[PDB]
Amino acid sequence: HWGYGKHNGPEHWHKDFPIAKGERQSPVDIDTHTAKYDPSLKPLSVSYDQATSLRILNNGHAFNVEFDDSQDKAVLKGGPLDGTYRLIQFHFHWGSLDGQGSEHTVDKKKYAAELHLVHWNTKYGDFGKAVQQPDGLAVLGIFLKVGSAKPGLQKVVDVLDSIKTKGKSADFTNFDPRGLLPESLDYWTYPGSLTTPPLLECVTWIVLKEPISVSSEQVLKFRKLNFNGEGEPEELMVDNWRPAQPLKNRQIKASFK
Ligand SMILES: CC1(C)O[C@@H]2[C@@H](CO[C@@]3(COS(N)(=O)=O)OC(C)(C)O[C@@H]23)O1
Ligand SMILES: [Zn+2]
């Protein structure tokens with residue numbers, strides 16, 4: 001099945017998932033001098049006070065921190081969004097080295113990693129229905145650079161030893177995702193897709209301008225994770241990012257000048 005290696009990676013995905021070459025694929029390079037400032041965009045509203053985290057899972061591609069999405073406990077609204085989008089999970093993509101790892105790029109710059117907070121449009125009732133709709137998901141993307149430690153990330157880093165291999169999960173309750181955000185909510189936005197198979201074209205991308213800083217020790221612990229399952233030969237979980245895809249017939253809007 002699919003992965004990020006030479007024989008099953010992004011270059012191969014189109015065979016099982018021909019949408020890989022479709023009209024609104026993600027990620028993309030954000031050319032900052034082509035994006036259009038849109039003064040009509042309302043501020044982003046990130047409401048995570050009642051967020052209820054549940055469990056963390058190594059899924060053999062990255063790791064998911066899952067949330068209780070049975071009520072409007074943690075929602076994203078405003079910006080380019082119509083209505084209410086409920087937080088369901090977050091995960092990251094990262095590199096083998098600090099100079100690569102992000103999925104989106106900014107003027108061709110690759111960050112060390114990228115955080116994705118995934119939300120679904122409540123008008124569609126559940127996540128599985130939402131992914132079948134052109135406005136089904138909103139994914140909030142945040143770049144990571146290596147510098148000072150991110151205190152709000154440490155609880156995540158601390159638990160990775162217990163989910164080293166594919167299929168392993170651990171209890172991950174009472175985690176506050178607000179600790180993962182930068183100060184500024186300035187953003188770029190464009191219509192795109194899931195960046196992994198089945199690559200469904202259901203995502204409003206909201207990518208924050210301001211990266212968060214994480215320490216070298218924090219990112220190093222991400223890179224000790226394994227793609228393989230327990231007892232199998234070790235394949236380090238690194239470079240689990242899809243490269244930039246053609247922008248095609250799309251416009252990236254900016255919340256800021
Ligand atoms: C851990 C990783 C890489 O991300 C998880 C899961 C399956 O892929 C995802 C990708 O979400 S994304 N990158 O489009 O926000 O698609 C969903 C189903 C949203 O879950 C995401 O594997
Ligand atoms: Zn992702």
# chains A, B, ... in the order shown; residues from 1 in each chain; ligands from 1
$ residues_around --residues "range 199-201 of chain A" --least-positions-apart "5" --cutoff "7 Å" --atoms "only C-alpha atoms" --output "PyMOL selection string"
chain A and resi 19-20+24-25+131+134+192-194
$ write_last_selection --atoms "C-alpha atoms" --output "mmCIF file, in the first residue's frame"
data_model
loop_
_atom_site.group_PDB
_atom_site.id
_atom_site.type_symbol
_atom_site.label_atom_id
_atom_site.label_comp_id
_atom_site.auth_asym_id
_atom_site.auth_seq_id
_atom_site.Cartn_x
_atom_site.Cartn_y
_atom_site.Cartn_z
ATOM 1 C CA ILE A 19 -7.219 12.322 -8.378
ATOM 2 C CA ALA A 20 -3.505 12.789 -7.480
ATOM 3 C CA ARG A 24 -7.179 21.153 -6.803
ATOM 4 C CA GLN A 25 -4.370 19.109 -5.225
ATOM 5 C CA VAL A 131 -14.778 14.424 2.820
ATOM 6 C CA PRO A 134 -15.895 20.486 -1.892
ATOM 7 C CA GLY A 192 -7.187 22.103 -2.032
ATOM 8 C CA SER A 193 -7.156 18.461 -1.039
ATOM 9 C CA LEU A 194 -6.035 15.884 1.511
#
$ closest_atom_pairs --of "chain A" --to "ligand 1" --cutoff "8 Å" --atoms "only C-alpha atoms and all ligand atoms" --output "Markdown table"
| residue | atom | partner | partner_atom_place_in_ligand_line | distance |
| --- | --- | --- | --- | --- |
| A:26 | CA | ligand 1 | 14 (O) | 7.8 |
| A:58 | CA | ligand 1 | 1 (C) | 7.5 |
| A:59 | CA | ligand 1 | 1 (C) | 6.3 |
| A:60 | CA | ligand 1 | 1 (C) | 7.9 |
| A:61 | CA | ligand 1 | 3 (C) | 5.1 |
| A:62 | CA | ligand 1 | 1 (C) | 4.0 |
| A:63 | CA | ligand 1 | 1 (C) | 4.7 |
| A:64 | CA | ligand 1 | 1 (C) | 5.2 |
| A:89 | CA | ligand 1 | 20 (O) | 7.5 |
| A:90 | CA | ligand 1 | 4 (O) | 7.6 |
| A:91 | CA | ligand 1 | 1 (C) | 5.3 |
| A:92 | CA | ligand 1 | 1 (C) | 6.8 |
| A:93 | CA | ligand 1 | 3 (C) | 6.8 |
| A:116 | CA | ligand 1 | 15 (O) | 5.3 |
| A:117 | CA | ligand 1 | 15 (O) | 7.0 |
| A:118 | CA | ligand 1 | 15 (O) | 5.8 |
| A:139 | CA | ligand 1 | 15 (O) | 5.8 |
| A:193 | CA | ligand 1 | 14 (O) | 6.4 |
| A:194 | CA | ligand 1 | 14 (O) | 3.2 |
| A:195 | CA | ligand 1 | 14 (O) | 4.1 |
| A:196 | CA | ligand 1 | 8 (O) | 5.0 |
| A:197 | CA | ligand 1 | 8 (O) | 6.9 |
| A:199 | CA | ligand 1 | 14 (O) | 7.3 |
| A:203 | CA | ligand 1 | 14 (O) | 7.7 |
| A:240 | CA | ligand 1 | 3 (C) | 7.3 |
$ atom_distance --atom1 "CA of residue 8 in chain A" --atom2 "CA of residue 112 in chain A"
22.5 Å
$ residues_around --residues "residue 176 in chain A" --least-positions-apart "5" --cutoff "12 Å" --atoms "only C-alpha atoms" --output "list in words"
residues 47, 48, 49, 50, 51, 52, 53, 54, 65, 66, 67, 74, 90, 151, 152, 153, 154, 155, 156 and 181 of chain A
$ write_last_selection --atoms "N, CA, C and O atoms" --output "mmCIF file, in the first residue's frame"
data_model
loop_
_atom_site.group_PDB
_atom_site.id
_atom_site.type_symbol
_atom_site.label_atom_id
_atom_site.label_comp_id
_atom_site.auth_asym_id
_atom_site.auth_seq_id
_atom_site.Cartn_x
_atom_site.Cartn_y
_atom_site.Cartn_z
ATOM 1 N N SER A 47 -11.598 28.469 18.364
ATOM 2 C CA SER A 47 -12.234 28.296 19.679
ATOM 3 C C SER A 47 -11.976 26.904 20.230
ATOM 4 O O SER A 47 -12.765 25.982 20.010
ATOM 5 N N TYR A 48 -10.873 26.774 20.956
ATOM 6 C CA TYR A 48 -10.406 25.478 21.439
ATOM 7 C C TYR A 48 -10.529 25.296 22.961
ATOM 8 O O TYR A 48 -10.031 24.303 23.499
ATOM 9 N N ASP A 49 -11.172 26.240 23.648
ATOM 10 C CA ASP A 49 -11.315 26.133 25.116
ATOM 11 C C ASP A 49 -11.914 24.818 25.629
ATOM 12 O O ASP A 49 -11.475 24.302 26.653
ATOM 13 N N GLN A 50 -12.890 24.259 24.922
ATOM 14 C CA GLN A 50 -13.498 23.004 25.374
ATOM 15 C C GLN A 50 -12.952 21.748 24.671
ATOM 16 O O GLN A 50 -13.558 20.680 24.761
ATOM 17 N N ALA A 51 -11.816 21.881 23.987
ATOM 18 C CA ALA A 51 -11.198 20.755 23.278
ATOM 19 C C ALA A 51 -10.978 19.542 24.200
ATOM 20 O O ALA A 51 -10.463 19.687 25.309
ATOM 21 N N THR A 52 -11.395 18.365 23.745
ATOM 22 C CA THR A 52 -11.250 17.140 24.523
ATOM 23 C C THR A 52 -10.414 16.122 23.748
ATOM 24 O O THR A 52 -10.916 15.428 22.872
ATOM 25 N N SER A 53 -9.136 16.033 24.081
ATOM 26 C CA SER A 53 -8.259 15.087 23.395
ATOM 27 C C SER A 53 -8.491 13.682 23.957
ATOM 28 O O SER A 53 -8.962 13.518 25.106
ATOM 29 N N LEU A 54 -8.204 12.668 23.156
ATOM 30 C CA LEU A 54 -8.526 11.297 23.570
ATOM 31 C C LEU A 54 -7.322 10.374 23.581
ATOM 32 O O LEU A 54 -7.023 9.713 24.580
ATOM 33 N N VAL A 65 -3.250 12.801 16.936
ATOM 34 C CA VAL A 65 -3.885 13.079 18.239
ATOM 35 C C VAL A 65 -5.374 13.308 17.925
ATOM 36 O O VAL A 65 -5.732 14.253 17.208
ATOM 37 N N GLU A 66 -6.222 12.428 18.455
ATOM 38 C CA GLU A 66 -7.644 12.396 18.164
ATOM 39 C C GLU A 66 -8.410 13.197 19.224
ATOM 40 O O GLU A 66 -8.013 13.230 20.411
ATOM 41 N N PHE A 67 -9.500 13.825 18.797
ATOM 42 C CA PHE A 67 -10.371 14.588 19.677
ATOM 43 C C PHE A 67 -11.809 14.091 19.665
ATOM 44 O O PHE A 67 -12.290 13.581 18.655
ATOM 45 N N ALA A 74 -14.515 22.040 20.138
ATOM 46 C CA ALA A 74 -13.370 22.769 19.616
ATOM 47 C C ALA A 74 -13.693 23.027 18.155
ATOM 48 O O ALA A 74 -13.847 22.079 17.380
ATOM 49 N N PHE A 90 -5.242 16.247 15.085
ATOM 50 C CA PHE A 90 -4.054 16.886 14.495
ATOM 51 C C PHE A 90 -2.932 15.892 14.275
ATOM 52 O O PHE A 90 -2.865 14.829 14.913
ATOM 53 N N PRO A 151 6.827 24.975 24.470
ATOM 54 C CA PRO A 151 6.424 24.266 25.690
ATOM 55 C C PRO A 151 5.160 23.447 25.487
ATOM 56 O O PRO A 151 5.039 22.345 26.048
ATOM 57 N N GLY A 152 4.240 23.964 24.678
ATOM 58 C CA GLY A 152 2.953 23.303 24.428
ATOM 59 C C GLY A 152 3.086 22.039 23.598
ATOM 60 O O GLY A 152 2.150 21.275 23.489
ATOM 61 N N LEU A 153 4.257 21.824 23.017
ATOM 62 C CA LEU A 153 4.533 20.589 22.268
ATOM 63 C C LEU A 153 5.123 19.473 23.120
ATOM 64 O O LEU A 153 5.079 18.287 22.744
ATOM 65 N N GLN A 154 5.675 19.836 24.273
ATOM 66 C CA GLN A 154 6.445 18.871 25.041
ATOM 67 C C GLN A 154 5.675 17.607 25.450
ATOM 68 O O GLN A 154 6.224 16.532 25.389
ATOM 69 N N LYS A 155 4.417 17.746 25.857
ATOM 70 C CA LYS A 155 3.578 16.589 26.223
ATOM 71 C C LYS A 155 3.474 15.566 25.066
ATOM 72 O O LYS A 155 3.492 14.350 25.279
ATOM 73 N N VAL A 156 3.391 16.081 23.840
ATOM 74 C CA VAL A 156 3.384 15.244 22.645
ATOM 75 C C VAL A 156 4.707 14.501 22.503
ATOM 76 O O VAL A 156 4.745 13.278 22.306
ATOM 77 N N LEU A 181 -0.207 26.981 18.904
ATOM 78 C CA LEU A 181 -0.439 28.091 17.963
ATOM 79 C C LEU A 181 0.652 29.160 18.100
ATOM 80 O O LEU A 181 1.209 29.332 19.197
#
$ closest_residue --among "A:236, A:149, A:140, A:219" --to "ligand 2" --atoms "only C-alpha atoms and all ligand atoms"
A:140
$ closest_residue --among "A:111, A:188, A:205, A:143" --to "residue 252 in chain A" --atoms "only C-alpha atoms"
A:188
$ closest_residue --among "A:202, A:163, A:106, A:30" --to "residue 132 in chain A" --atoms "only C-alpha atoms"
A:202
$ closest_residue --among "A:85, A:242, A:159, A:16" --to "ligand 2" --atoms "only C-alpha atoms and all ligand atoms"
A:242
$ closest_residue --among "A:43, A:10, A:5, A:141" --to "residue 238 in chain A" --atoms "only C-alpha atoms"
A:5
$ atom_distance --atom1 "CA of residue 137 in chain A" --atom2 "CA of residue 214 in chain A"
26.8 Å
$ residues_around --residues "residue 126 in chain A" --least-positions-apart "6" --cutoff "10 Å" --atoms "only C-alpha atoms" --output "list in words"
residues 69, 70, 86, 120 and 136 of chain A
$ write_last_selection --atoms "N, CA and C atoms" --output "short mmCIF file (atom, residue, chain, number, x, y, z; two decimals), in the first residue's frame"
data_model
loop_
_atom_site.label_atom_id
_atom_site.label_comp_id
_atom_site.auth_asym_id
_atom_site.auth_seq_id
_atom_site.Cartn_x
_atom_site.Cartn_y
_atom_site.Cartn_z
N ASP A 69 -15.24 14.70 18.85
CA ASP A 69 -15.93 15.61 17.94
C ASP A 69 -17.44 15.32 17.89
N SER A 70 -17.97 14.79 19.00
CA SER A 70 -19.39 14.47 19.13
C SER A 70 -20.25 15.69 19.51
N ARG A 86 -15.59 21.52 13.05
CA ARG A 86 -15.22 20.86 14.31
C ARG A 86 -13.86 20.18 14.25
N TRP A 120 -13.90 19.35 10.40
CA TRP A 120 -14.93 19.05 9.38
C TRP A 120 -16.18 19.91 9.54
N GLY A 136 -15.91 20.39 2.61
CA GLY A 136 -16.13 19.48 3.72
C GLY A 136 -15.17 19.68 4.89
#
$ closest_residue --among "A:198, A:27, A:191, A:95" --to "ligand 2" --atoms "only C-alpha atoms and all ligand atoms"
A:27
$ residues_around --residues "residue 82 in chain A" --least-positions-apart "4" --cutoff "12 Å" --atoms "only C-alpha atoms" --output "ChimeraX atom specification"
/A:41-42,44-45,76-78,120-123,135-138,204
$ residues_around --residues "residue 212 in chain A" --least-positions-apart "2" --cutoff "8 Å" --atoms "only C-alpha atoms" --output "VMD selection string"
chain A and resid 142 to 145 150 180 to 182 210 214
$ residues_around --residues "residue 247 in chain A" --least-positions-apart "2" --cutoff "8 Å" --atoms "only C-alpha atoms" --output "list in words"
residues 24, 25, 28, 29, 245, 249 and 250 of chain A
$ atom_distance --atom1 "CA of residue 243 in chain A" --atom2 "CA of residue 103 in chain A"
5.8 Å
$ select_by_dssp --residues "range 21-158 of chain A" --states "strand (DSSP E)" --output "ChimeraX atom specification"
/A:29-30,36-37,44-47,53-58,63-67,75-78,85-94,105-106,113-121,137-146
$ select_by_dssp --residues "range 3-215 of chain A" --states "alpha helix (DSSP H)" --output "PyMOL selection string"
chain A and resi 13-16+127-130+154-159
